[PDB]
């Protein structure tokens, strides 16, 4: 945008880039459906990643638009807006006090890049649906973390398009390390890995060693990646912790995507997946259940790790939790 209105409104919104509760939907509209491109770019300047890793601006914008282009516009929930949100949320979690000066620039880059591509080329249906229809993607990945593996493959592969290699100036050592962290992070986003991820996180909280700086102590890759994996995982499962105004938009979108999968399964004569049958759904009830058995249990543990950094996030969560609970019909 130039010295006009359309710009001011966008730039004014990008001002909240470092705050939980960013009006990502507003930005999506204002940026002409380029929330991932503008939010990623802003965060990259904000963290001075272009300079640090010598990323030509044009290569970065080209890769970003390409990546965003590979998110499906026709998918209600798993699209570029969700990706921008997970990225922005991770960017905020990276700045939590308890993690001050803990992670390197490269590790920061990995968490942000991973967030950016963690759902690219999502068809809007689950792994199980792809497995049951014997999709080519499922045959390729042996029914294991099919989509997650695919998100990774596409994210890296897009680096190869014209003027898209944003890591062209990283040394071989940086590339090997970045790639491994990105893979470890994205694969951890598969919900089939939630429980174990949460378990290890709790075990870590029970070993919580703070440094002379009062900041978490991570002296090995295993601990370092585990925090990064859970961070991005919390960001991916953070809709319930956002201002009700946003949380509600996310809920309607996920439900629309689920119901759409349900209709496809109904068409094909397949068994309709949980929460995907629009004729017998409990949106309000499912949200409460989602928060009770997964979101709240996860964020609570995370709050313990960075205590008291995420205290406000939890309150918002428990609050939103009540809101939906009180909307449950009778």
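Here, rigid core means the biggest group of C-alpha atoms that superpose within 1.5 Å across both forms. Positions refer to the first chain, counted from 1.
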RMS Cα shift after core superposition in 6 other deposited structures of this protein, winner of 210-218 and 188-196 | 210-218
Of 308-316 and 20-28, the stretch with the higher mean C-alpha B-factor in the deposited entry is 308-316
For the higher mean C-alpha B factor in the entry, choose 40-48 or 64-72.
-> 40-48
At the C-alpha atoms, which of 227, 198, 92, 182 reaches the highest B-factor in this entry?
-> 198
If you compare 109, 117, 215, 140, which has the highest Cα B-factor in the entry?
-> 215
So where's residue 131 on the chain's Cα temperature factor ranking, which third?
-> lowest
Entry-reported Cα temperature factor of residue 219, expressed as the chain third it lands in = highest
With respect to C-alpha B-factor, does residue 243 fall in the lowest, middle or highest third of the chain as deposited?
-> middle
Within this chain's modelled residues, let me know which third the CA B factor of residue 161 belongs to: lowest, middle or highest.
-> lowest
Relative C-alpha B-factor of residue 121, binned into the chain's lowest, middle or highest third = lowest
